[PDB]
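Q: These protein sequence lines are chains C, L, H, S and F, in that order. Mapped onto the working numbering, the consecutive letters of the first sequence carry residue numbers 1 to 364. Mapped onto the working numbering, the consecutive letters of the second sequence carry residue numbers 1 to 366. Mapped onto the working numbering, the consecutive letters of the third sequence carry residue numbers 1 to 365. Mapped onto the working numbering, the consecutive letters of the fourth sequence carry residue numbers 1 to 364. Mapped onto the working numbering, the consecutive letters of the fifth sequence carry residue numbers 1 to 52.
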Amino acid sequence: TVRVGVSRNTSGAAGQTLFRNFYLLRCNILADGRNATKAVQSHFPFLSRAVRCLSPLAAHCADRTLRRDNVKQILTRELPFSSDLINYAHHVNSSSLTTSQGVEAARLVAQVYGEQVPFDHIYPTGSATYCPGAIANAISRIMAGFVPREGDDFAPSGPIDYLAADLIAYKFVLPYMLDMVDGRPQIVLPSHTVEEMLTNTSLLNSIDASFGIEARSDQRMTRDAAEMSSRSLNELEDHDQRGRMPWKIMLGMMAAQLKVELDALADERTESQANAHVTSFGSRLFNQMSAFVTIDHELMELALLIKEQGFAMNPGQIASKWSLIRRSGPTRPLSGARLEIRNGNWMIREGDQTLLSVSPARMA
Amino acid sequence: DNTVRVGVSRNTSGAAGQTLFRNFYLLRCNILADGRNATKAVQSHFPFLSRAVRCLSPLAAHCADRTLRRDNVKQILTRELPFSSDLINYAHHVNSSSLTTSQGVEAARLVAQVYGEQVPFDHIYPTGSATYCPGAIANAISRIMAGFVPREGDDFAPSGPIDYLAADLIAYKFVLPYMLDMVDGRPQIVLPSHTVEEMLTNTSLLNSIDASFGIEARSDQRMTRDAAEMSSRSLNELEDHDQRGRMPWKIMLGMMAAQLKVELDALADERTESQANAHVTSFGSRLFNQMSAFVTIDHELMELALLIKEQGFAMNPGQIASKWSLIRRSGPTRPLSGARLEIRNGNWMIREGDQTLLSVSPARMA
Amino acid sequence: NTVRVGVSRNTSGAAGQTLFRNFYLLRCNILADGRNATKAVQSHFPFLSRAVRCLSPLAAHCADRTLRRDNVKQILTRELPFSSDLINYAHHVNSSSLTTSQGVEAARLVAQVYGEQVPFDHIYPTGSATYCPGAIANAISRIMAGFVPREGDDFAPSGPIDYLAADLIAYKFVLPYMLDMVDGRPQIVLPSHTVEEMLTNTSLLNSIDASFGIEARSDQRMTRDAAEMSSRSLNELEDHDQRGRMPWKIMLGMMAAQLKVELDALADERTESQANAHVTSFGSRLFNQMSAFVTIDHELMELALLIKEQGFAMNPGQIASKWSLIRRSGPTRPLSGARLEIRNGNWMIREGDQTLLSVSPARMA
Amino acid sequence: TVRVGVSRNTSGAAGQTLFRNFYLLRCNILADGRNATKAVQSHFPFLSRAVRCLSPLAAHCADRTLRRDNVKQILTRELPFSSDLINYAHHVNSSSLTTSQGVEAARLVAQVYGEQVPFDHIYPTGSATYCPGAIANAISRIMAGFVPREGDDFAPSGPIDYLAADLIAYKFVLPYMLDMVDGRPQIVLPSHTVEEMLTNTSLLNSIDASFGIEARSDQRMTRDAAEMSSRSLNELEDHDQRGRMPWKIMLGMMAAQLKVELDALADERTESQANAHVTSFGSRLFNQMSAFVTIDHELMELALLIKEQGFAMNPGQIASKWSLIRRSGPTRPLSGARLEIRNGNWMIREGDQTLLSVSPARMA
Amino acid sequence: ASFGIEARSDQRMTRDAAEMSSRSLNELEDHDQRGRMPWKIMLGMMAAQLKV
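#1: So which of F:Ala47, F:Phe3, F:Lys40, F:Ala48 has the shortest CA-CA distance to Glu19 (chain F)?
#2: Going by C-alpha to C-alpha distance, which of C:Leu265, C:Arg77, C:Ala138, C:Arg107 sits closest to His60 (chain C)?
#3: Would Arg149 (chain C) pass as a contact of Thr125 (chain C) if the rule is Cβ separation under 9 Å?
#4: Based on DSSP bridge pairs, tell me the residues matched to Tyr176 (chain S).
#5: Ends of the alpha helix (DSSP H) at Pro317 (chain L)?
#6: Name, going along the chain, the residues of the region 52-75 of chain S whose beta-carbon falls closer than 8 Å to a beta-carbon of chain H.
#7: Measuring CA to CA, which of C:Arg77, C:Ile160, C:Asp240 is closest to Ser140 (chain C)?
#8: I need the DSSP call for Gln354 (chain H), collapsed to helix, strand or coil.
#9: For the ligand FMN, I want to know if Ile122 (chain C) counts as a neighbour, meaning its beta carbon is within less than 8 Å of at least one of the ligand's heavy atoms.
#10: So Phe46 (chain C) and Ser83 (chain C) are in contact, right, with Cβ under 8 Å, and what is the actual spacing, rounded?
#11: I need the DSSP call for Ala36 (chain S), collapsed to helix, strand or coil.
#12: Do you know offhand how far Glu195 (chain S)'s Cα is from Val2 (chain C)'s?
#13: Just to make sure I have the definition right: I need the residues of chain L whose C-beta is within less than 9 Å of the C-beta of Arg23 (chain F). Which are they?
#14: From which residue to which residue does the alpha helix (DSSP H) around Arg53 (chain H) run?
#15: Tell me where the alpha helix (DSSP H) around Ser142 (chain L) begins and ends.
#16: Classify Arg334 (chain L) as helix, strand or coil using the three-state DSSP reduction.
#17: Can you give me, in chain order, the residues of the region 330-364 of chain L that have a beta carbon less than 7 Å from any beta carbon in chain F?
#18: Can we say the region 254-265 of chain C touches the region 279-299 of chain C, given the rule of at least three CB pairs closer than 8 Å?
#19: For the alpha helix (DSSP H) that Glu301 (chain C) lies in, which residues bound it at each end?
#20: Which residues share a DSSP beta bridge with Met347 (chain S)?
#21: Just list the residues that DSSP pairs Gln16 (chain C) with in beta bridges.
#22: To the nearest angstrom, report how far apart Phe44 (chain C) and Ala50 (chain C) are at their CA atoms.
#23: With DSSP collapsed to three states, give me the class of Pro148 (chain C).
#24: Alpha carbon to alpha carbon, how far is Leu203 (chain C) from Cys27 (chain C)?
#25: Spatial neighbours of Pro118 (chain S) within its chain, please: C-beta separation below 6 Å, excluding the five flanking residues on both sides.
#26: Starting from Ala39 (chain C), find everything on chain L with Cβ-Cβ shorter than 7 Å and list it in chain order.
#27: Starting from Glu151 (chain H), find everything on chain F with Cβ-Cβ shorter than 8 Å and list it in chain order.
#28: Can you list, in chain order, the residues of the region 221-232 of chain L whose Cβ is nearer than 8 Å to any Cβ on chain S?
#29: Does DSSP put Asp218 (chain S) in a helix, a strand or coil?
#30: State buried or exposed for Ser229 (chain C), treating a residue as buried only when at least 16 other CB atoms are found within 10 Å of its CB.
#31: Could you please give the first and the last residue of the uninterrupted alpha helix (DSSP H) stretch that includes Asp168 (chain L)?
#32: In chain S, what lies closer than 9 Å to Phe174 (chain L) by C-beta?
#33: Report yes or no: is there a C-beta of chain C within less than 9 Å of the C-beta of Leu178 (chain S)?
#34: Smallest Cα separation from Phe313 (chain L): which of C:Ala312, C:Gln317, C:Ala274?
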């Protein structure tokens with residue numbers, strides 16, 4: 001007898017994804033569960049991962065021991081996906097994902113960490129262009145204790161950065177700008193793009209972030225002494241091992257990656273037209289990019305436009321609006337509006353109307 | 001033993017769907033998620049608009065109902081809150097302002113005086129009223145042309161005389177309405193020079209309207225081309241006869257078009273639902289395909305079709321509603337004198353240079 | 001070096017719940033209302049659904065012909081095996097809450113028409129006044145599906161296949177209904193006897209009839225009553241020795257009787273019933289799931305009418321009380337004025353213009 | 001006329017079928033439905049029915065009670081169409097639908113089923129020629145519980161084969177060849193024509209197939225190791241009534257019918273040239289015949305030629321290549337290829353390039 | 001006489017059925033212009049043509 005029981009098909013499949021080449025703007029489409037013909041449910045996985053990477057140890061703790069999976073197969077191919085490369089901190093020559101702005105910050109990171117890490121593949125020295133996402137991922141991994149291998153992999157051999165060991169206790173983050181108005185520190189609207197202040201790296205001292213806990217179980221109380229149980233990035237005690245400047249550089253780098261991808265979105269006319277029915281795209285983008293709006297000019301304007309249009313915008317409309325913002329400079333008259341803080345929320349108010357509102361993002 | 005098969009337990013009841021603009025009649029749309037394919041661009045359909053274009057041959061459309069339906073009509077129409085769709089389906093006048101229109105009452109009065117003498121026409125069009133529901137008049141005139149008799153709470157009266165043209169339109173399956181104007185001292189087809197409202201108010205203009213009817217041979221033939229047009233007759237070519245209701249037919253066509261335009265105008269008020277269903281990208285494409293019978297006789301519908309084709313068949317309800325409002329307010333948009341009108345391969349073509357600005361194929365009378 | 005064996009407690013913590021463990025059909029699985037805030041707990045009877053699906057035994061048992069051994073002997077021969085498992089594997093149970101004396105003549109009739117080709121002693125102990133209707137129903141389904149039972153062990157796919165089970169493969173829907181000779185011709189009538197009475201007088205089972213129908217699901221022909229072409233009635237199939245028509249009718253009546261006796265025994269579970277007074281979907285789900293048996297019996301029809309009149313929102317205690325009232329009192333509502341009509345293949349009762357009840361074909365596959 | 005009469009005409013055709021007088025090669029070609037271009041689409045109804053018949057009970061469950069058509073008048077005509085006769089398993093003397101090869105299997109089936117069923121009309125006793133399709137249909141229906149009446153009818157009165165009941169649960173099938181390599185079972189490419197195996201009934205024992213269930217819950221366990229939800233034909237419990245060898249003979253006989261029909265078509269160059277414009281004919285032929293590749297190497301060569309040519313070949317080229325394959329024998333050194341079975345599929349690979357692949361075949 | 005609509009890709013019915021699935025001629029509501037008797041006369045008359 002012969003008893004070779006080769007398996008055979010058992011089910012089907014469903015789902016869809018758009019923007020294969022893109023990294024942050026890649027989105028996964030699922031039909032609405034309640035009713036098959038309601039608004040499509042979009043979701044950006046890599047953008048959520050990037051936002052969660054702001055606590056690198058908690059984001060990469062499992063990969064230290066558990067998920068030591070086969071990575072050689074993914075990297076070593078004729079055409080590896082750009083998303084995988086940027087996820088594993090590899091420079092890519094793709095024009096849509098490479099920017100020439102802020103490169104001085106890139107080489108600053110390289111000279112900070114190149115002495116003890118094979119940083120050549122992350123950012124080849126002397127290159128006029130670089131991949132912001134790759135450097136952000138490299139910074140996160142290095143802060144997490146990992147070491148990028150010359151053989152295109154990661155190993156948990158390096159030392160743990162002190163800031164990552166502190167961000168374990170905190171779950172919520174909220175970047176914002178600061179200025180010395182009337183000889184005192186106060187939160188201000190973003191007056192610079194990340195793309196421009198990554199050039200003048202001294203300006204990164206203006207950036208500040210506030211961390212705080214996901215407090216103990218309590219069904220109704222809105223606060224657990226929210227001000228007493230929170231800390232700010234610039235308030236932490238100074239120490240050489242603390243990657244505070246690398247952390248702020250990583251945040252700005254992720255923001256720059258998002259902006260360059262939005263710029264490249266303009267040329268993707270075919271897929272934008274084919275996905276005109278995806279109106280949840282803009283609402284999801286507004287929901288998930290909330291961490292980066294409080295630091296940049298153009299992201300703030302884009303968020304304001306998205307809120308004005310009612311959280312329903314297919315990709316082509318977002319591409320056109322972003323092109324308009326980039327080309328026309330500051331368009332909206334923000335001079336009539338003011339900033340305010342309400343129970344931790346970061347909002348722009350004009351009169352009594354709430355033009356914009358941003359809540360703390362989730363780090364893990 | 002004892003056996004009864006009257007219990008029939010078959011079931012083939014679909015997967016899922018949805019309906020939008022329930023209060024509307026023509027633009028009432030059925031939405032189906034195309035689960036057969038991975039692509040999630042939802043499919044859209046306008047049942048009542050398809051039925052209205054079907055009814056251009058009233059006898060072939062209404063023959064099936066001469067015997068079958070005897071369950072209930074009054075139970076629906078005489079409900080607490082009868083739907084405008086059902087009431088206009090059974091030729092009942094509707095009080096809603098969104099559906100009713102005030103312009104073009106002259107044609108309604110004309111049809112009422114033509115058929116009022118031999119039909120209880122009061123509920124179709126109350127006498128002396130300024131506001132009339134054009135869809136109700138269209139359904140009434142179609143049913144009368146098919147030999148029915150209306151009632152206050154029913155329509156199951158297949159007892160009236162049957163129009164000659166309603167019988168003539170059994171041999172044909174395709175129709176192509178188009179305007180015709182006296183140019184160069186000879187008859188010639190032209191672009192739509194008047195909106196339907198102007199010619200309904202001044203009913204003398206309807207003489208310019210014309211249509212062409214065609215057969216559908218079921219033989220396994222090669223796709224027939226010119227010189228096969230002998231098997232086709234124009235509406236105005238038919239010999240005159242008292243029973244033969246040509247002007248009734250033209251009035252029905254214009255009335256249906258006016259109902260569509262009134263619905264489109266009222267759509268602008270529906271900004272809430274238009275926003276709630278902004279993801280229905282197939283609305284523009286489906287409406288563009290389905291309205292193709294009316295664009296050949298109206299300025300504004302022609303402009304809407306042209307803008308739809310230029311945009312690229314990607315309009316949700318909000319975009320089409322706003323564009324329609326802009327067309328209504330502005331009126332003329334582009335210099336169509338630069339373009340020219342041509343007929344080729346039995347299709348109604350308007351072209352500028354070499355590009356085909358808009359293509360219209362004759363409709364399916366069914 | 002050391003072994004790496006270990007476990008993580010991968011579990012959300014909050015999960016479902018099961019109620020009425022002892023009961024066979026009335027066992028239900030309670031799930032919170034999804035991710036919604038309505039807090040109307042879902043209810044579902046798994047064994048009742050399986051019983052209704054068993055009315056096409058081959059399609060309902062084709063999987064087990066090859067795809068299981070599963071060490072079911074351990075389940076059957078446990079120290080305290082679940083009565084649900086025993087009744088699922090056609091084993092008699094001596095529990096007073098699942099055994100009835102009525103209809104035993106039909107039980108021994110099936111036990112002797114299948115007596116010699118199967119070891120039927122463990123299914124129905126010969127001479128015992130009481131018996132488990134569910135066990136006999138499952139035994140009939142299994143044997144009709146082409147199995148043979150064993151005491152303690154799994155069924156063996158070795159016996160012959162009845163012709164009716166093969167015929168029923170083409171159909172997906174079923175609709176039992178009674179018959180009567182009125183005006184010299186057969187016509188559908190309301191139930192006149194309880195399933196117990198009609199089982200005791202086995203000749204009455206000839207009055208039962210059912211009609212099956214295909215499931216095309218092509219998005220066409222939905223409203224057409226030309227679907228009468230694609231249907232056949234149980235009594236209309238040509239007679240044959242191996243076509244177990246009477247076993248099929250007996251199995252249907254036996255399942256109905258099992259449901260009845262379980263409903264009767266539910267009245268004694270007052271503690272659990274009152275502890276679970278918050279699950280109001282119990283009555284609605286039971287009404288939805290019993291729809292195949294109402295057309296054949298008086299008391300099930302009365303219970304369905306009561307549930308519909310009460311708005312479908314009632315808990316187990318209310319169901320028990322109403323069932324006891326129906327059992328004790330007898331016919332309550334006036335059916336002389338209630339007309340019985342079939343429209344679009346639906347078994348409905350109409351009072352004037354009001355539709356007192358409507359029953360649709362059950363899903364049989 | 002009072003008005004100009006430019007108007008519409010279609011003469012819209014509906015329905016079309018060619019290759020008449022055949023059984024399997026019948027194709028109801030039609031114009032493309034949704035696309036404006038009038039490209040020719042194809043489908044083989046009888047071939048699909050034969051492929052679905054591999055689960056005989058689920059294939060013939062309807063006719064046991066539902067259809068009961070007036071078959072008597074159909075086959076009693078003066079010159080009834082051969083396809084209808086073969087569909088009801090009636091022997092036909094046409095030279096283009098019979099072959100002397102494989103008569104041993106026909107004799108075996110006659111002696112194994114003739115003792116309880118009339119069989120002379122299905123296959124005349126001792127005849128040197130036979131129609132394979134008729135015997136395949138006869139064995140399928142006899143497994144389905146039917147009884148072939150002499151008077152042009154099937155009576156649902158016979159016993160039901162155990163394998164037919166077993167196959168209800170499985171919607172997907174996979175035949176293949178096997179060999180005793182290194183003292184263990186292992187899949188091999190086909191090494192014999194169906195003629196050799198029908199003639200050598202003992203050699204038929206080497207054939208095997210695997211079946212699989214269908215569902216819609218997403219596939220689990222890497223979508224290829226889902227093996228407890230599948231079974232192999234030879235692993236099923238042996239029983240007198242379980243028609244294992246009848247099932248294998250059915251599959252081989254259907255394959256032989258297809259081969260004989262293609263060989264007969266080899267001489268029909270006239271109509272093939274008249275219909276050579278149809279190249280989707282080859283694509284649909286490949287798609288429907290994919291179930292038969294893994295048992296006969298001559299069919300494998302035709303499939304390989306079609307795949308290399310790009311899934312687009314005209315009937316004339318198919319005929320020429322089939323004749324060339326039949327005359328030549330082994331055309332290429334296939335030993336350079338390697339056999340693999342991944343993600344549930346069955347494919348042969350030479351080097352890294354996949355030479356040919358096979359997908360799930362649906363039977364019910 | 002009974003009247004039936006066209007079928008659709010189905011040839012699988014050889015059993016009993018009745019009434020409004022194919023409504024019969026005599027059930028039609030009588031009317032002065034509804035020529036049932038002329039129709040029956042024509043049917044019989046063409047049958048007689050075939051006979052002669």
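Backbone N, C-alpha and C define an ideal beta-carbon position, used for all residues, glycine too.
A: Let me lay it out:
#1: Here residue 19 (chain F) corresponds to residue number 19 of the fifth sequence, with the count starting at 1. Considering only alpha carbons, the answer is F:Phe3.
#2: By 1-based counting over the first sequence, the position of residue 60 (chain C) is 60. Of the candidates C:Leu265, C:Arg77, C:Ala138, C:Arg107, the residue whose Cα lies closest to the Cα of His60 (chain C) is C:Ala138.
#3: Translated into positions along the first sequence, residue 149 (chain C) becomes position 149. Translated into positions along the first sequence, residue 125 (chain C) becomes position 125. No. Outside cutoff.
#4: The sequence position of residue 176 (chain S) within the fourth sequence is 176, counting from 1. The partner list for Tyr176 (chain S) (beta bridge, DSSP) reads S:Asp208.
#5: Counting from 1 along the second sequence, the entry for residue 317 (chain L) is found at position 317. According to the DSSP assignment, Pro317 (chain L) belongs to the alpha helix (DSSP H) that extends over 317-330.
#6: Within the region 52-75 of chain S, the residues whose Cβ lies closer than 8 Å to some Cβ of chain H are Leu57, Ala58, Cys61, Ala62, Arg64, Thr65, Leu66, listed in chain order.
#7: For this step, residue 140 (chain C) is matched to residue 140 along the first sequence. It is C:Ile160.
#8: Position 354 of the third sequence holds residue 354 (chain H). The answer is strand: DSSP assigns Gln354 (chain H) an E or B state.
#9: With respect to the ligand FMN, the structure shown offers nothing to examine, as it has no ligands at all.
#10: As a first step, residue 46 (chain C) is located in the first sequence; it is residue number 46 there, counting from the start. As a first step, residue 83 (chain C) is located in the first sequence; it is residue number 83 there, counting from the start. Right, the Cβ-Cβ distance comes to about 6 Å (below 8 Å), so this counts as a contact.
#11: Numbered from its first residue, the fourth sequence carries residue 36 (chain S) at position 36. Looking at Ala36 (chain S) - three-state DSSP - the assignment turns out to be coil, as it is neither helix nor strand.
#12: Counted from its first residue, the fourth sequence places residue 195 (chain S) at position 195. Counted from its first residue, the first sequence places residue 2 (chain C) at position 2. Roughly 22 Å between the two C-alpha positions.
#13: As a first step, residue 23 (chain F) is located in the fifth sequence; it is residue number 23 there, counting from the start. Residues of chain L passing the Cβ test: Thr67, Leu68.
#14: Looking up residue 53 (chain H) in the third sequence gives position 53. Its alpha helix (DSSP H) spans residues 46-53.
#15: Within the second sequence, residue 142 (chain L) is the residue found at index 142, counting from 1. 134-145 is the extent of the alpha helix (DSSP H) around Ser142 (chain L).
#16: Counted from its first residue, the second sequence places residue 334 (chain L) at position 334. If DSSP states are grouped into helix, strand and coil, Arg334 (chain L) belongs with coil.
#17: Considering only beta carbons, no part of the region 330-364 of chain L lies closer than 7 Å to chain F.
#18: Contact between the region 254-265 of chain C and the region 279-299 of chain C is present, because at least three Cβ pairs lie under 8 Å.
#19: Counting from 1 along the first sequence, the entry for residue 301 (chain C) is found at position 301. DSSP places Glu301 (chain C) inside the alpha helix (DSSP H), whose first and last residues are 297-309.
#20: As a position in the fourth sequence, residue 347 (chain S) is number 347, starting the count at 1. Looking at the DSSP assignment, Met347 (chain S) forms a beta bridge with S:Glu340, S:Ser357.
#21: Translated into the one-based positions of the first sequence, residue 16 (chain C) becomes position 16. Bridge partners of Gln16 (chain C): C:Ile29.
#22: Here residue 44 (chain C) corresponds to residue number 44 of the first sequence, with the count starting at 1. Here residue 50 (chain C) corresponds to residue number 50 of the first sequence, with the count starting at 1. Their Cα atoms are separated by approximately 10 Å.
#23: One-based indexing of the first sequence puts residue 148 (chain C) at position 148. Three-state DSSP puts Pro148 (chain C) in a strand.
#24: For the purposes of this step, residue 203 (chain C) is taken as the residue at position 203 of the first sequence. For the purposes of this step, residue 27 (chain C) is taken as the residue at position 27 of the first sequence. Whole-angstrom Cα-Cα distance: 33 Å.
#25: As a first step, residue 118 (chain S) is located in the fourth sequence; it is residue number 118 there, counting from the start. The beta carbon of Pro118 (chain S) sits closer than 6 Å to those of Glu150, all from its chain and outside the five residues before and after it, given in chain order.
#26: On the first sequence, position 39 is the one that residue 39 (chain C) refers to. Simply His279.
#27: Here residue 151 (chain H) refers to the residue found at position 151 when the third sequence is read from its first residue. Listed along the chain, the chain F residues whose CB falls inside 8 Å of the CB of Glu151 (chain H) amount to none; the nearest CB is some 44 Å away.
#28: From the region 221-232 of chain L, only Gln221, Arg222, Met223, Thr224, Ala228, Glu229, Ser231, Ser232 have a Cβ closer than 8 Å to chain S.
#29: To locate residue 218 (chain S), count along the fourth sequence from 1; it is residue 218. Secondary structure of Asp218 (chain S) (DSSP, three-state): coil.
#30: Taking the first residue of the first sequence as position 1, residue 229 (chain C) is located at position 229. Here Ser229 (chain C) is exposed. Its C-beta has fewer than 16 other C-beta atoms within 10 Å.
#31: Position 168 of the second sequence holds residue 168 (chain L). Note, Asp168 (chain L): alpha helix (DSSP H), 164-168.
#32: As a first step, residue 174 (chain L) must be located in the second sequence, where it is residue number 174. By Cβ distance, chain S contributes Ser7, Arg8, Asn9, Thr10.
#33: Stepping through the fourth sequence from its first residue, residue 178 (chain S) is reached at position 178. Taking 9 Å as the CB threshold, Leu178 (chain S) lines the interface with chain C.
#34: Translated into the one-based positions of the second sequence, residue 313 (chain L) becomes position 313. That would be C:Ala274, whose Cα lies nearest to the Cα of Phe313 (chain L).
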